[PDB]
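Okay, so here's just one chain, in structure tokens, the form deposited in one PDB entry.
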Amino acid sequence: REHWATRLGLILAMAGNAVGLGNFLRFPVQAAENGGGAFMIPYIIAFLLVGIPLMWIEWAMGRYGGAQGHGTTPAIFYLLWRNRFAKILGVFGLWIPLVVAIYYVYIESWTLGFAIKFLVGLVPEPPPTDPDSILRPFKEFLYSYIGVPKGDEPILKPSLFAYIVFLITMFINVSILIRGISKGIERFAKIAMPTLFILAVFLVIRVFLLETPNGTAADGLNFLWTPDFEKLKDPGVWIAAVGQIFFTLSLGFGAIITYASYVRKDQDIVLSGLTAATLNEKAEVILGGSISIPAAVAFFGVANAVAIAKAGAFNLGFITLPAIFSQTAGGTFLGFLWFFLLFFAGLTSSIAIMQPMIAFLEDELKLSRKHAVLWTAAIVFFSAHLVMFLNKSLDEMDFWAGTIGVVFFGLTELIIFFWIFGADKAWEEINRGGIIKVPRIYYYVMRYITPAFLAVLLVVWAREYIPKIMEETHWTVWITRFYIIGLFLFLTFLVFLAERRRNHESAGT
């Protein structure tokens, strides 16, 4: 089985798995919509009671499965719980990352497309003070790129450039993945992460120099880091914070588990896991939190900045920030650096979310790495046409897989590993070979607190937030639901084939 070559490589690859679009695009919007400072308390708590513990648990499950030649959940869940239902629940560990990849790689391709256009200077020209006269050109720019509906039909018409850039993006993902864990992903991470860090720091510095009649970047930081305890009673803020924690750390995606399946049996995961997690949090709150929000607040003030964040999920990063940059000397190039940053952040994450399917095809169906990578790319490429052309399909997939799915799967993996497999056996497995030991208190957090925390969250979620959304949607949401349910059925069939191949092979030996 492949293995990470170096400790540093392992840490940077895991860091790249986590540090992505979630840090620079998702976090700012989530924090801004939920009162900035009021979002941070629940966020910090969620990191300590959910983020950290689940991270160790996934690293442990992955290393454990890898030692037996298995890197994905259908097999690993079965090793931890010899029950047919374990294999079925394990399918979510392939389904969630596949579905997220289907829309994540497309958004990633937009950042490459924008980077290219900003680099060559093929960008809108704002009319040298009206805020709408400056923002409109950038909104039209994004709308023409992805092809937002002008009529009443829920259809998108992406530009030819956008389509070709998606193809190029898939090619780049394949060019890294096809070389494997050590020579592909690990080698790339050592180049991408340092670049990402430098670009991010530079951008924060440039943003910190912004000052207008409406405010300064400093005002943005105070809005984000000023606590509002009167919001700690709001369930919505807790749901938002926990959701962000899962997404940003790649938890419940089956991705951390698959990467960890390449860690040697004796190798530490306690310190390595904690380091990867801490690196992501720094990139998120210090870098991601210091670019978009402060820039928006400085130019528009808090009230307007928050309104912009609520406007959409892409408004801030694809329309507002470049518009703001366009008002400064060298602003077009700064826009290029922003999109290039987003691209590398996205790329290091998309290779991580597609590796689970690759690992399954290699480990369970015995496909060569080449064939496994190519078929995975084909399924993602084909499936992405739904997100490219059907308005709101992206939103639907992000909801079921990227929001509900990850939380549900996180609770599922915890219950299989810490309750069914055995709390003490699990604790023993996590600490084995550790450079440091997990604080004793976390044994009780993992066994009682984390699972109770998530169970409640999911309950309040399903009875006070979904009944409304799961009934007021346009009929076209069923097209996406139908298709992703089919993807689940397809993956279940592959797991069935994998078990039949195992039986036949065994009976032959």
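Just count from 1 along the sequence shown to find any residue number. Rigid core: the largest C-alpha set superposing within 1.5 Å between the two forms.
Modelled in this chain, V477 is likewise built in all the other compared entries whose models extend past it on both sides, so a third of them omitting it does not occur. For the cut-off of one third of the other compared entries, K468 qualifies: that many or more give it no coordinates while modelling its flanks. According to the entry, the deposited sequence places 1 to 3 unmodelled residues between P128 and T129. If you average the C-alpha B-factors over 224-232 and over 341-349, the higher value belongs to 224-232.
When the mean C-alpha temperature factors of 89-97 and 295-303 are read from the deposited coordinates, 295-303 comes out higher.
Per the PDB record, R432 has a higher Cα B-factor than any other of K139, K392, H371, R432. Looking only at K117, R179, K150, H385, the residue with the top Cα B factor in the deposited structure is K150. Residue-level temperature factors show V459 in the highest third of its chain, judged at the C-alpha atom. Annotation for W427: C-alpha temperature factor in the highest third relative to the rest of the modelled chain, per the entry.
The entry lists a Cα temperature factor for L135 that places it in the highest third of the chain's modelled residues.
The entry lists a Cα temperature factor for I484 that places it in the lowest third of the chain's modelled residues. Ranked within its chain, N214 lands in the highest third, by CA B factor from the PDB record.
Separately, the form deposited in another entry exists; it is not shown, and the next lines address it.
Compared between this form and the one not shown on the core, the listed residues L414, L361, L224, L156 keep their C-alpha shifts below 2 Å, save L224. With a cut-off of 2 Å and the rigid core superposed, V201 has a Cα displacement that falls short of the cut-off between this form and the one not shown.
Once you line up the core between this form and the one not shown, the Cα of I351 stays within less than 2 Å of where it was. When two forms of a protein are overlaid on their rigid core, residues whose CA moves 2 Å or more are considered shifted, and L287 is not one of them between this form and the one not shown. Relative to this form, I134 and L224 approach one another in that other deposited form, with their C-alpha atoms ending up at least 3 Å closer.
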